[PDB]
Structure formats: structure tokens, C-alpha cells
Amino acid sequence: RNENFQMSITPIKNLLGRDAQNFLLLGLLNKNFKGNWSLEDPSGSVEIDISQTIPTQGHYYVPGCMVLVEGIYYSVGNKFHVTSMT
Amino acid sequence: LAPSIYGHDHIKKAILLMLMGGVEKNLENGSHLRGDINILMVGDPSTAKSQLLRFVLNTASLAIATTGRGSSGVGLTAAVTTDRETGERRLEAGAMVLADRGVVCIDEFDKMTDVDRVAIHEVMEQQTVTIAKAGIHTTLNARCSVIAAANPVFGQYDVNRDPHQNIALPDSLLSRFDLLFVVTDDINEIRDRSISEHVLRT
Ligand SMILES: Nc1ncnc2c1ncn2[C@@H]1O[C@H](COP(=O)(O)OP(=O)(O)NP(=O)(O)O)[C@@H](O)[C@H]1O
Ligand SMILES: [Mg+2]
């Protein structure tokens, strides 16, 4: 319902195999059992790299928080490299 | 060609050139060089080999469909029958003769019994079939592009082993095909995503 979106969210399961391409996610901020940070969606989950990200500053980012995320999906490590988070 | 088949670009290129085969040569003493292009697709299951045969069957001006088990060697070349109109022994054209100046499609080609494949050789080598039975001693024209589909001796292609060990057919038959294509359903997320979304659109 927010005007900024009506780019648009792709559910996480849509990413799989869509290599090296920009996407916007909405997801539950998990920490996977393997230890890596991750996002989850009703359709699935994906591990994320935050090492180059820029969050918006007016927020906390605790686990389990619903976060909008922009990034590039990379199939080689099955990672999602996060541009920014909000 | 075959817009409902993803990928297989080099095969569709070869199919196009096979629909448009090169000029046949005739030389001294009536010596002959064939102009058909003979294609064998051998490979993993579910790699559109049969669908490509069915597209060719729907696209060539003159195409005859066959399948390995369903084809007799006699049913392929020509068969003797009595013409009940008169009572005389007469030849009935088989698939290779009916496809003359056309193409033949063969699905499940490696499933043929070898007394069927023994009858393939003259069509490939000489574009003709020879009859020497029932007091009928003749030679018939069978000038056509064979395109065939097969699987390896194992259910899928085994890259650990040589083509002559993967492929059931004799080298005395494989050497007669113009292009021997090996295809595989080799798993890859990007290609699987692409082929999948194409097939869903289809
Ligand atoms: N690249 C492709 N694009 C679209 N559909 C495909 C593709 N590859 C396979 N298929 C589908 O797979 C199904 C089986 O195709 P088919 O031509 O019978 O495979 P095949 O190579 O002959 N397998 P087999 O007869 O067991 O050796 C068909 O419904 C095709 O539509
Ligand atoms: Mg087949």
C-alpha cells in the first residue's frame, strides 16, 4: 500500500537460479542454524552478505525483524549481497 | 524452428541445413555422391529428442515417422505382397522408400533389432535398397535424410566412458551419419530456471 512500491517485492523463492541480478526482498531476519545471517519468506529463505551494506539509520535491526532488502543474488555461493536495508 | 523448444541451438541449425540438403553429385560410370544430411541425436532422457523429431515430421515437405520397436526391417525397406486385383507378387513400399526425396524420422533408434539396422545400411551408404526374393530382383530409390533419436546403452550418458562404449550402434553405422550429436540433461540452476520458465510459458 505504500506509494514507493505502488520497484516491487519478489518473494525469496523467485530468486533461485536468477543469477547475478538486482532484486528487492521482504523477509524475516533469521540467523540460520549454520550461523549465517539470512532472510525468510513464506516461499523460502536465502543467506545474505551484509559486508557492503548501508542500512537506513533511523532503525534497529534485531533478528526476526521484517526488513526490506535490496541486493544482488549470486547463485555460485547461493548468497544475496545486500546493497541496503530498511 | 521449434519455437516451443528451449535451447538446442546447434541442433536446430543442423536440422535446418538437413531440411535443405546439399546438391547430389553424379560422376563418371554413373558414380554417385549423396546429398542428404543424416543426423543422430543420442543422449539423456527428456532432452526434446522426440519432440524435435515430431517438429521435423510436421515441417518437412515429405516426412515418414518410424520407431525402433515398431519398425520391422522389411516394413522399413519394401515388402512383397500379392496384388489381389491380379494375383501377382508385387512390392509394397516401406518407410525408407516412401520418404524418397524427403526425410525419415526414427525415434528410439538404438532399440531396433539388428536385423532391422542391417537394412538401414544401404539407405545411408547408397540411398537405395535392393530386393532379391520371391523371384523379384530389383533396386529401389530411398534418397532421404534420416534423422534419428537414441539413448546410450546406459539410461544416461556416462562421461567416464568412451563414445563407442556409451553408444549402442556399430561404428560401421555411426560413421554413415553426417552429424552425431550428444546431448545431456546436465543439471544447472541458471539453465534449469531458463528452461523451466520457458516450459511454463509453453
Ligand atoms: N529444451 C526443452 N524445451 C522444452 N521442452 C523440453 C525441452 N527438453 C525437453 N522438453 C520436454 O520434455 C518432454 C519429453 O521430450 P522428448 O522429446 O520425448 O524427450 P526425449 O529426448 O525424446 N527423451 P527419451 O525419448 O526418453 O529419450 C517433452 O514434453 C518436451 O516438451
Ligand atoms: Mg525420445
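Here chain B follows Swiss-Prot for its numbers: 367-568, in order, are the residues you see.
According to its header, the structure was obtained by electron microscopy, 3.2 Å.
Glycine residues also receive a Cβ, built from the backbone N, Cα and C atoms like all the rest.
According to Swiss-Prot, the ATP binding site annotation covers B:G409, B:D410, B:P411, B:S412, B:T413, B:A414, B:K415, B:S416, on the basis of sequence analysis. Annotated motif 'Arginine finger' per Swiss-Prot: B:541-544, in sequence order.
The residues of the motif 'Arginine finger' (B:541-544), classed with DSSP into helix (H, G, I), strand (E, B) and coil, number 0 helix, 0 strand, 4 coil. Same-chain residues that are not part of B:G409, B:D410, B:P411, B:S412, B:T413, B:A414, B:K415, B:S416 yet have a Cβ within 8 Å of the Cβ center of the ATP site turn out to be B:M407, B:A515, B:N517, B:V549, B:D551. Sequence-distant neighbours of B:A414 (ATP binding site) (same chain, six or more apart, CB under 8 Å from its CB) are B:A368, B:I371, B:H374, listed in sequence order.
Less than 6 Å separates the Cβ from ligand 1 in the case of B:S412, B:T413, B:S416, drawn from the binding-site residues B:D410, B:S412, B:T413, B:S416 in sequence order.
Ranking the binding-site residues B:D410, B:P411, B:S412, B:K415 by C-beta neighbours within 10 Å puts B:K415 at the top. Counting other Cβ atoms within 10 Å of each Cβ, the binding-site residues B:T413, B:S416 show the lowest value at B:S416. Proximity to ligand 2 (Cβ under 6 Å from any of its atoms) holds for these binding-site residues out of B:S412, B:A414, B:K415, B:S416: B:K415, B:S416.
For the recorded site, B:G409 (ATP binding site), the DSSP three-state label reads strand.
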